[PDB]
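# Structural features, examined
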Amino acid sequence: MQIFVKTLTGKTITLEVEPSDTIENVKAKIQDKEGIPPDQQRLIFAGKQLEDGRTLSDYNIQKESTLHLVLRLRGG
Ligand SMILES: [Zn+2]
Ligand SMILES: [Zn+2]
């Protein structure tokens, strides 16, 4: 099962996920691929910012769904 994650630069990465993966889990897969710490990541789906403890299934995120990755300003 695959989802796409688009960054502000237009670049897209593909993650292998499961319906019961938490948002925490997705951030960890993004850290593995891109080396960005989870606390710097905000994930958005359907215009809504996803919360760490909820699952992809909670949010009706399906195969081939696209999430948007917004980075926190390092140092705020
Ligand atoms: Zn998983
Ligand atoms: Zn398809």
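The record lists X-ray crystallography as the method behind this PDB entry and 1.96 Å as its resolution.

## Concerning the pairing of strand β5 (residues 66-71)
With four bridges connecting them, strand β1 (residues 2-7) and β5 associate as parallel partners. Paired with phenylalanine 4 across the two strands is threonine 66, which belongs to β5. As paired elements, strand β3 (residues 41-45) and β5 share four bridges and run antiparallel to each other. Bridge pairing links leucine 43 to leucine 69 in β5.

## A closer look at the side chain of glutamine 41
Note on placement: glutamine 41 falls in strand β3. Within the structure, the side chain of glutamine 41 is placed 3.1 Å from the backbone oxygen of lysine 27, a separation counted as a polar contact. Once you skip the residues sitting within four places of it in the chain, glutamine 41 turns out to touch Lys27, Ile30, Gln31, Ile36, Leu69, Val70 and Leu71.

Quick notes on the rules
- Bear in mind the residue numbers are our own, running from 1 along each chain as written, so they may not match the entry, and residues with no coordinates are left out.
- To label them, take the chains in the order written and letter them from A, then take the ligands in the order written and number them from 1.
- Excluded from the side-chain calculation are hydrogens and water; included are all heavy atoms of the structure.
- Strands pair, by our definition, only if DSSP identifies at least two bridges between them.
- To qualify as a helix, a DSSP run of H or I must reach at least 4 residues; to qualify as a strand, a run of E must reach at least 2; elements of each kind are numbered from the N terminus.
- Counting of polar contacts relies on pairs of N or O atoms within 3.5 Å, with two restrictions inside protein: one atom must be capable of donating a hydrogen and the other of accepting it, and residues adjacent in sequence are counted only when both atoms are side-chain atoms.
- Contact definition: two residues touch when any of their heavy atoms are within 4.5 Å.

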